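First the structure, in the form of structure tokens, and then the observations on it.
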Amino acid sequence: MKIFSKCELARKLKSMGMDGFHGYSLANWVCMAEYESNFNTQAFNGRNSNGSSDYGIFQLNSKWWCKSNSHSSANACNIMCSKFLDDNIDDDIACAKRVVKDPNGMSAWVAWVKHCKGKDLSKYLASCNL
């Protein structure tokens with residue numbers, strides 16, 4: 001079990017080349033995590049808008065991004081959803097990079113659309129050492 005703090009996640013994502021990935025600033029990535037899972041690596045949403053489930057710190061869905069025994073999936077990240085429930089988030093990050101390459105970009109994450117896209121994030125990471 002692991003629950004990141006904002007700046008710690010920011011440092012981790014920056015080290016994995018997320019700042020500016022596909023044009024999305026680091027603040028956008030961290031804000032998405034804050035609202036999707038509140039930085040909890042073991043976050044789990046049972047019934048999403050689909051009979052699917054959302055897994056991990058980035059709440060990746062089982063109908064499109066990963067495989068689960070519960071039902072069929074597009075499995076675009078080619079991986080078992082349970083791999084997104086561990087303390088290490090390197091796999092989650094690799095999948096997140098694949099997700100934003102699609103047309104919707106970060107709008108694939110509804111919590112980001114509702115709580116981050118419309119916010120002024122200029123000082124969101126101002127208290128961090130980047």
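In what follows, residues are counted from 1 in the order of the sequence shown.
Side-chain contact between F58 and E36 is absent, with no heavy-atom pair separated by less than 4.5 Å. For the pair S62 and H71, the minimum side-chain heavy-atom distance is below 4.5 Å. Looking at heavy atoms from C-beta onward, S73 lies out of side-chain contact with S68 at the 4.5 angstrom threshold.
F39 and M1 are assigned to two separate hydrophobic clusters, defined by single-linkage of ILVMFWY side chains at heavy-atom distances under 4.5 Å. Note: the hydrophobic cluster containing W65 also contains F44 (ILVMFWY, side chain heavy atoms under 4.5 Å, direct or indirect links). Note on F84 and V110: separate hydrophobic clusters, where clusters join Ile, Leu, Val, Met, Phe, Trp and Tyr whose side-chain heavy atoms are under 4.5 Å apart, directly or indirectly. Hydrophobic cluster membership differs between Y35 and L9, with clusters built from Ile, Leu, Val, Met, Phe, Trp and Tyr side chains linked at under 4.5 angstrom. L60 and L85 fall within the same hydrophobic cluster, defined by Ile, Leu, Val, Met, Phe, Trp and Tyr side-chain heavy atoms under 4.5 Å apart, directly or through other members.
Note that CD1 of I57 and CG of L13 are 7.5 Å apart. Values are rounded to the nearest 0.5 Å. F4 CZ to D87 CG: the interatomic distance, rounded to the nearest 0.5 Å, is 8.5 Å.
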Please list, one pair per line, the donor and acceptor atoms closer than 3.5 Å that link side chains of residues 88-105 to other protein atoms, with sequence neighbours excluded.
from, atom 1, to, atom 2, distance (Å)
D90, OD1, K12, NZ, 2.8
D91, OD2, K83, NZ, 2.9
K97, NZ, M16, O, 2.9
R98, NH1, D102, OD1, 2.7

Could you tabulate the donor-acceptor pairs under 3.5 Å formed by side-chain atoms of residues 111-118, not counting sequence neighbours?
from, atom 1, to, atom 2, distance (Å)
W112, NE1, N28, OD1, 2.9
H115, ND1, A111, O, 3.3

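Although no hydrogens or angles enter the test, the distance criterion places no donor-acceptor pair under 3.5 Å between the side chain of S37 and the main chain of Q59. Judged by distance alone, with hydrogens and angles left aside, the side-chain atoms of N40 form a donor-acceptor pair with the main-chain N or O of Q42 at under 3.5 Å. Between the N75 side chain and the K67 main chain, a donor and an acceptor come within less than 3.5 Å of each other. Although no hydrogens or angles enter the test, the distance criterion places a donor-acceptor pair under 3.5 Å between the side chain of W29 and the main chain of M18.
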Yes or no on side-chain contact (heavy atoms from CB on, under 4.5 Å) for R47 and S53, after CA distance, side-chain angles and deciding distance?
CA-CA 5 Å; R47 307 294 71 176; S53 300; 2.6 Å; yes
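The environment of CG in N69 is sparse: at most 12 heavy-atom neighbours from other residues, nucleotides or ligands sit within 6.0 Å.
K14 meets the salt bridge (charged side-chain N to carboxylate O under 4.0 Å, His left out) test with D19; sequence neighbours excluded.
Of the listed residues (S52, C81, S49), just one forms a side-chain contact (heavy atoms from CB on, under 4.5 Å) with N61, and that residue is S52.
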